[PDB]
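*Asks:* Partial complex follows, first chain(s) only, in situ:
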Amino acid sequence: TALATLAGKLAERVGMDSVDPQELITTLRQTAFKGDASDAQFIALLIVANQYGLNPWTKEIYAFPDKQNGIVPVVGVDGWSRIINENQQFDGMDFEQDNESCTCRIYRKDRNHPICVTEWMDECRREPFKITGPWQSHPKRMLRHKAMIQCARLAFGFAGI
Amino acid sequence: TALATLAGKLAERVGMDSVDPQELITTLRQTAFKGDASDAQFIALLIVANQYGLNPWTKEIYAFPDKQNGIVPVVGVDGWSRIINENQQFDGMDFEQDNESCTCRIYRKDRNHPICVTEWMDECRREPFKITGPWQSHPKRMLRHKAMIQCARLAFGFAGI
Amino acid sequence: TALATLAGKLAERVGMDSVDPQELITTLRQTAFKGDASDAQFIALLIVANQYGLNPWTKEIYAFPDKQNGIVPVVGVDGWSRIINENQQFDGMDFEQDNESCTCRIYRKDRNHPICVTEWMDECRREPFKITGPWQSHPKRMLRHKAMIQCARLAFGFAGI
Amino acid sequence: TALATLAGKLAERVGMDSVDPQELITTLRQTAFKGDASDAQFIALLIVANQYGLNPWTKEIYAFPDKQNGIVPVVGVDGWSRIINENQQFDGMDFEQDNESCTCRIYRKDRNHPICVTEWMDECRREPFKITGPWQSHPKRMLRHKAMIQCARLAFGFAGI
Amino acid sequence: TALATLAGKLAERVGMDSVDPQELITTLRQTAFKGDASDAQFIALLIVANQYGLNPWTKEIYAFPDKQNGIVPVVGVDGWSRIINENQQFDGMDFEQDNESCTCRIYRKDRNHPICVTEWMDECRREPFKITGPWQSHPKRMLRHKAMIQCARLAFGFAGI
């Protein structure tokens, strides 16, 4: 039942009145939950994403199905990129990199002291699946994503969201 | 049903009253979704593009059909080019390039510290399909597109859109 | 009974009216309480998390089932990251690390004297379970989490929350 | 009788109306009083914790059952960490440590003279139970907890709480 | 009779309406008076603690049953720690220690001259009972408690309480 009013209201938002809900629900469920996902897991992702204050369609927040029908949420690089950019006290940021590490420093206008975090590649890197992943094809970008996330967890966090 | 009122209303916007909807729907579906695409995937692209705040006809945002009838969205260089240009706090940008890297730095009026990102060609470049692509015929432009996108993800993101 | 109104109200918050509560309750219970958990233990986690002033869905606070049907609460790195960031008197922080220790110093605007704490790896590190954990794959990050928590216990604590 | 209205009111505080009180009371009793505890000992912990001005669910204050059905209260490191942090005259603190001692000095804004206390490990350390405790696995942290408590007993105490 | 209204009112202070008073009275009597104590001795401790201006539940003041049914009051280290900390004229304190003595000096804002007292271990120390006491396991702390008490008797006393 409830997924048909969600699919309908979302369609009505783009002016697409009177869709067949079943093919649309299925399409949308496989968009946010890539892979198999009970409707109970799909509606759980919608309420959890609202608790974080983040948008699932935009891929600001992911989730994957747990063993025994729970879910596991995962805030992405775009979720943290929202959180630091819609706060008025942010004052810019800078980075440093080499063959093995990345450093990221965040400044804010009210706080006198910048906050700085350093990440390390050989603990962040992942082995090839099975086969080729982004940790094989793009390593120097993939580490800089991780160092920004870890700094924004401390400089801002979820406080005020 | 709903695609015929979409095709009709869009036509009525250019003063083309009383079109035959079936040939127009087909034409329009193959414009935004290049290649085969269920109507459920086509109406999903319309609602997702509205969630990002971007226009599909203008190619600010693409999508491709997933395996098992989902979709995958892709914000293009014109989507980020909109997002940084319709924000009042943007204060210009500069670039640096060589045989192997591109750097892009974005300034904003309220933030004291510029934000700067660097991209690398030999991880961004793609192998020839099958046959000749833009990563064969235009490499020095194709990298500069990637470095602008990656910087605009951090300097602005989706915050306030 | 009471879990069905909780699951319902939470769904109504995301606009998902008239869900089947049983599959949703089960999904949600296994999200916050990973593993087996009586409904009496699940409702105990909800009231305890409110007493700390922290959110369970966001993983700011965990709990695990005790022997003889109690529970054990555990404030996480995101719980302390909230608490120091939603307080107006925080004035930034800095860190120091090596092969064996981490130091963290917290400043505040009203207090003249910074507060500083040091942690040590060979007492904080954990042995492999059974098999590979984060204390095997990520040690230099895992220690820095512990040193921030221990400092924030003294510089702020639960005073005013 | 009275425990069912306590369990009920606490549940009503998290919006969980109409719980079965018996499983909840049992769960809660085993949370605050770990181990066996008469209801008369459980309600005694609630009134004593109010006299100190501290919260039992948060583990700011513990108690254990006496021989002949009394109780013994124990203010924890988080109880003293509350008491020094919710007082306006606190002005920061500093520490010193070595192989055998810890010193802690507390400053306050109105008092001209700081107050300083020193603790010693070989009198504070405890022998292994029966088997491995925190006085085996974490000694350098476990002593620093004791030195802060002992200083805060003199610099603030219970005056004004 | 009177103990049931005391136990009741105290419970009503923590919101525990309609307790069985007999098990609660017994629990509370054995908390403040550890060991056997007539109800006449228990109500005598309550009125005497009010005359000193100190709280019995908090262990600011102890008592023990006399031979021939009197009582003996004993102000503790927390009773003196209250008395010097809730007085506005206190101006901090300092200590000196060695193998055999402890010195404590108290300053106050209105009085020009600090007051200083010295204690000695071999007269303060106690022999083992029967078996191991705090005068065996913690001697350097146990003496510093005695030197603070003796100084606070002269620098403040009960004047104005």
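*Replies:* Received it, and whenever you're ready, just let me know what you need. Residues are numbered from 1 along each chain as shown, chains lettered A, B, ... in the order given.

*Asks:* C-alpha from now on. contacts and neighbour counts both.
*Replies:* Will do.

*Asks:* Give me the nearest residue to residue A:104, chain neighbours excluded.
*Replies:* Using C-alpha to C-alpha, 6 or more residues apart in numbering or on different chains and skipping residues adjacent in sequence, the residue nearest residue A:104 is residue A:95, 4.5 Å away.

*Asks:* Quick check: that neighbour touching residue A:107?
*Replies:* No. Contact criterion C-alpha atoms under 8 Å: residue A:95 and residue A:107 do not qualify, at 11.8 Å.

*Asks:* Looking at those two, which is more packed in?
*Replies:* Using other C-alpha atoms under 10 Å in any protein chain shown as the criterion, residue A:95 and residue A:107 rank with residue A:107 on top: 22 against 18.

*Asks:* So what does whichever residue of chain A sits closest to chain E look like in phi/psi?
*Replies:* Closest to chain E within chain A is residue A:112: 31.2 Å, counting by C-alpha to the nearest C-alpha. In terms of degrees, to the nearest 10, the main-chain angles of residue A:112 are phi -70, psi -40.

*Asks:* got the contact list for it?
*Replies:* Neighbouring residues of residue A:112 by C-alpha atoms under 8 Å, 6 or more residues apart in numbering or on different chains: C:91, C:92.

*Asks:* so residue A:137 touches residue B:123, yeah?
*Replies:* Yes. Between residue A:137 and residue B:123 there is a contact under C-alpha under 8 Å: 6.0 Å.

*Asks:* show me where chain A has strands.
*Replies:* Here chain A has its strands, by DSSP state E, at A:61-65, A:71-75, A:90-97, A:101-108, A:115-120.

*Asks:* DNA strand F next, sequence below:
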DNA sequence: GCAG
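*Replies:* So, slotting DNA strand F in with the rest:
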């Protein structure tokens, strides 16, 4: 990763 989708640009020409």
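
*Asks:* The contacts of residue A:112 again please, DNA strand F included this time.
*Replies:* C:91, C:92.

*Asks:* redo that, cut-off 10 Å
*Replies:* Applying C-alpha atoms under 10 Å, 6 or more residues apart in numbering or on different chains, we find residue A:112 in contact with C:90, C:91, C:92, C:93, C:107, C:108, C:109.

*Asks:* Using PyMOL, define a selection of the buried residues within those residues.
*Replies:* Command for PyMOL, covering only those of these found buried under the criterion 16 or more other C-alpha atoms under 10 Å in any protein chain shown:
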select buried, chain C and resi 90+91+92+93+107+108
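
*Asks:* Tabulate the contacts of residue A:112 (TSV), appending distance to residue A:127.
*Replies:* Output for the contacts of residue A:112, formatted as TSV (distance: C-alpha to C-alpha, whole Å):
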residue	distance to residue A:127
C:90	40
C:91	40
C:92	36
C:93	34
C:107	40
C:108	42
C:109	45
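
*Asks:* For the contacts of residue A:112, name the two members farthest from one another.
*Replies:* C:93 and C:109 (11.7 Å; C-alpha to C-alpha).

*Asks:* which residues are common contacts for these two?
*Replies:* Common neighbours of residue C:93 and residue C:109, counting by C-alpha under 10 Å, 6+ apart, are A:111, A:112.

*Asks:* before we move on, the earlier item: give me the subset of the contacts of residue A:112 that also touch chain A.
*Replies:* With C-alpha under 10 Å from any C-alpha of the partner chain as the criterion, those include C:90, C:91, C:92, C:93, C:107, C:108, C:109 near chain A.

*Asks:* would CSV of the residues you listed with distance to DNA strand F be doable?
*Replies:* Formatted as CSV, these follow (distance: C-alpha to the nearest atom of the strand, whole Å):
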residue, distance to DNA strand F
C:90, 37
C:91, 37
C:92, 34
C:93, 34
C:107, 39
C:108, 41
C:109, 42
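
*Asks:* and DNA strand G on top of that:
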DNA sequence: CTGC
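*Replies:* If we add DNA strand G to the chains shown above, we get the following:
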């Protein structure tokens, strides 16, 4: 012209 491609998507784990």
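
*Asks:* back to the contacts of residue A:112, now that we've got DNA strand G?
*Replies:* C:90, C:91, C:92, C:93, C:107, C:108, C:109.

*Asks:* my guess is residue A:45 contacts residue A:59, does it?
*Replies:* No. Residue A:45 lies out of contact with residue A:59 (C-alpha atoms under 10 Å); the separation is 12.0 Å.

*Asks:* In terms of neighbours, single out the busier of these two.
*Replies:* residue A:45 (24 against 18).

*Asks:* tell me the contacts of that one?
*Replies:* For residue A:45, the contacting residues are A:32-33, A:39, A:51, A:56, A:61-65, A:71-73, C:28, by C-alpha under 10 Å, 6+ apart.

*Asks:* same thing but at 8 Å, please
*Replies:* A:63, A:71, A:73.

*Asks:* Same question for residue A:72.
*Replies:* A:63, A:64, A:65, A:66, C:31.

*Asks:* who's it bridged to?
*Replies:* Residue A:72 has these beta-bridge partners by DSSP bridges: residue A:64.

*Asks:* centroid residue for chain A?
*Replies:* For chain A, the residue nearest the mean C-alpha position is residue A:76 (2.3 Å; C-alpha atoms, centre = their mean).

*Asks:* How much space separates that one from residue B:35?
*Replies:* Distance of residue A:76 to residue B:35, computed by C-alpha to C-alpha, to the nearest Å: 30 Å.

*Asks:* what's around the residue in chain A positioned nearest to chain D, how many residues?
*Replies:* Nearest residue of chain A to chain D: residue A:51, at 15.8 Å (C-alpha to the nearest C-alpha). A total of 16 residues lie near residue A:51 under the criterion other C-alpha under 10 Å.
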